Amino acid sequence: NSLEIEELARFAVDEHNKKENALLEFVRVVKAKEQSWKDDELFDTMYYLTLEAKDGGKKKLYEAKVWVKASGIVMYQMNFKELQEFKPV
Amino acid sequence: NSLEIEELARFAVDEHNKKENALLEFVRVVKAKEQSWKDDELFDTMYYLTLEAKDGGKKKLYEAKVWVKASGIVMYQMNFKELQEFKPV
Amino acid sequence: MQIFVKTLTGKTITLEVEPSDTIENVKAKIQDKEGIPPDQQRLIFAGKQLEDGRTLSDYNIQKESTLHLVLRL
Amino acid sequence: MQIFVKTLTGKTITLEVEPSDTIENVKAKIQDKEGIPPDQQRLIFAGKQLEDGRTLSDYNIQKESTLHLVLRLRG
């Protein structure tokens, strides 16, 4: 289950084609944004993708949101702590 | 290697003492701010902590910034993908 | 019903359960096969960490489902 | 030098190395003791993933340092 931006965009197209019985053709990834959230001992990531696809042989632009649950997991033994700032208030 | 806010504040105080040859005495943690992000195949978390310590036997409030590297790790077999939104533009 | 539990080193253990079974009971079965105490056990399904109170059926776990096991050291 | 490699199952491996050694060389040592191919090996020190080309002294890895090992599985 890869996390590369192009694979995520293709997942979006394949999932969209299946849900709405359409047949768009993936062309390119234009831009991507990622925001992450920590839930308990797991990590979640949201991907915001701008992509190129062909609807009727006509190239169009689409925006997709992909939610990845357990994109990461907490392992306490490997974490490394570093102090950046220490000041009185 | 705990990620509990109280343990993190003690780390900040203990590290500050070693770094600046001082000896502040940890009392308690008041509040914390946390945000996480994915770096390569790892996750990092940044902590902003407000705590109480004793300087001369007098309690004071301090603000600390702690950077935890590899607070999480990417494991591909466990991630779960879901498409949330697909729209033209 | 039979379900699969997979370790981070890729080893797979087979379990016998029923949908009514709780997560605490599944951890107990894992403890008997692998000698790991349930308190030190972490179970992941569908991108979520399973809670002790709920049952297998609550998470919509079915035959030939695969769960992921993580240890607390 | 003697360093420690720890698996996610809590197993600890003892190794013999010295600072001139590369990460690729450490992975080779791990394979000889534990039969795991280097491509499937991920090594963690000080919260970062170690690159094969560099040496232990580059990462300031020292006597009794502990490395963390994570496996890459196709499954």
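Note that each Cβ is placed from the backbone with ideal geometry, even for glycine, and that neighbours are counted across all protein chains shown. Here, each number is a calculation from the coordinates, and none is a lab measurement.
One residue stands out in the range C:23-48 among those that are within 28 Å of A:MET46 (Cβ to Cβ) and buried (at least 18 other Cβ atoms within 10 Å of the Cβ): the one that is farthest from the other protein chains (Cβ to nearest Cβ), namely C:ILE23. Contact map, the range B:65-84: first residue in contact (Cβ under 8 Å) with a residue 60 or more places away in the chain and within 11 Å of chain D (Cβ to nearest Cβ), second residue among the hydrophobic types (A, V, I, L, M, F, W, C) and crowded, with 16+ Cβ neighbours inside 10 Å, Cβ cut-off under 6 Å, separation 6 or more or different chains; pairs are B:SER71/B:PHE43. Under the condition of being surrounded by 13 or more Cβ atoms within 10 Å (Cβ to Cβ) and either under 17 Å from the mean Cα position of the chain (by Cα) or not in a strand (DSSP E or B) (or both), the residues counted in the range A:48-60 number 6. Restrict the check to the range C:33-52 and report whether at least one residue is more than 30 Å from A:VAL66 (Cβ to Cβ) and of a type in the set (A, V, I, L, M). Among the residues of the range C:33-52, at least one is more than 30 Å from A:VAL66 (Cβ to Cβ) and of a type in the set (A, V, I, L, M), which makes the answer yes. One residue stands out among those in the range C:49-73 that are over 12 Å from the mean Cα position of the chain (by Cα) and of a type in the set (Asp, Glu): the one that is surrounded by the most Cβ atoms within 10 Å (Cβ to Cβ), which is C:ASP58.
Against the conditions (1) among the aromatic types (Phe, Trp, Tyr); (2) surrounded by fewer than 19 Cβ atoms within 10 Å (Cβ to Cβ); (3) within 10 Å of another protein chain (Cβ to nearest Cβ), B:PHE26 satisfies every one except (3). Return a yes/no flag: does the range D:12-23 have any residue that is among the acidic types (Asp, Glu) and in a strand (DSSP E or B). Yes; the residues of the range D:12-23 include at least one that is among the acidic types (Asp, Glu) and in a strand (DSSP E or B).
The condition of being surrounded by fewer than 17 Cβ atoms within 10 Å (Cβ to Cβ) and either small (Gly, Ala, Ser) or in contact with a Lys or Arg (Cβ under 9 Å, 6 or more places away or on another chain) (or both) does not hold for C:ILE3. Any chance the range A:35-46 includes a residue that's within 16 Å of B:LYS87 (Cβ to Cβ) and among the charged types (D, E, K, R)? Scanning the range A:35-46 turns up no residue that is within 16 Å of B:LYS87 (Cβ to Cβ) and among the charged types (D, E, K, R).
Here the condition is being touching a strand residue (DSSP E or B) at 6+ places or on another chain (Cβ under 8 Å) and among the small types (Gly, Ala, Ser); of C:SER65, C:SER57, it holds for C:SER65 alone. If the condition is being touching a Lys or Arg at 6+ places or on another chain (Cβ under 6 Å) and without any contact (Cβ under 8 Å) to a residue 24 or more places away in the chain, then the range A:28-64 contributes A:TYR48, A:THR50, A:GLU63.
The residue list A:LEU51, A:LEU42 contains one member that is within 11 Å of another protein chain (Cβ to nearest Cβ) and closer than 21 Å to B:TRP37 by Cβ, which is A:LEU42. Taking the conditions exactly as written (closer than 30 Å to B:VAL13 by Cα and not charged (D, E, K, R)), does A:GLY72 satisfy them or not? Here the answer is yes, as A:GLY72 does meet what is asked. Pairing each residue of the range A:1-23 that is more than 9 Å from chain B (Cβ to nearest Cβ) with any residue that is assigned to a loop (DSSP other than H, G, I, E, B) and surrounded by fewer than 13 Cβ atoms within 10 Å (Cβ to Cβ), provided the two are 6+ apart or on different chains, yields C-beta distances under 9 Å for A:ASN17/A:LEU23.
If the requirement is being in contact (Cβ under 8 Å) with a residue 24 or more places away in the chain and part of a strand (DSSP E or B), which of these qualifies: D:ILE61, D:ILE30, D:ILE36, D:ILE3? None of the other options fit; the residue is D:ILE3. Quick check on my filter: what residues within the range D:6-27 are of a type in the set (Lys, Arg), under 15 Å from C:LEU8 (Cβ atoms) and touching a residue at least 12 places away in the same chain (Cβ under 8 Å)? Result: D:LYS6, single match. State yes or no: is B:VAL74 β-branched (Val, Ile, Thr), within 23 Å of A:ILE5 (Cα to Cα), out of contact with any helix residue (DSSP H, G or I) (no Cβ under 8 Å at 6 or more places or on another chain) and surrounded by fewer than 15 Cβ atoms within 10 Å (Cβ to Cβ)? Against the criterion (β-branched (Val, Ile, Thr), within 23 Å of A:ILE5 (Cα to Cα), out of contact with any helix residue (DSSP H, G or I) (no Cβ under 8 Å at 6 or more places or on another chain) and surrounded by fewer than 15 Cβ atoms within 10 Å (Cβ to Cβ)), B:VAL74 does not qualify.
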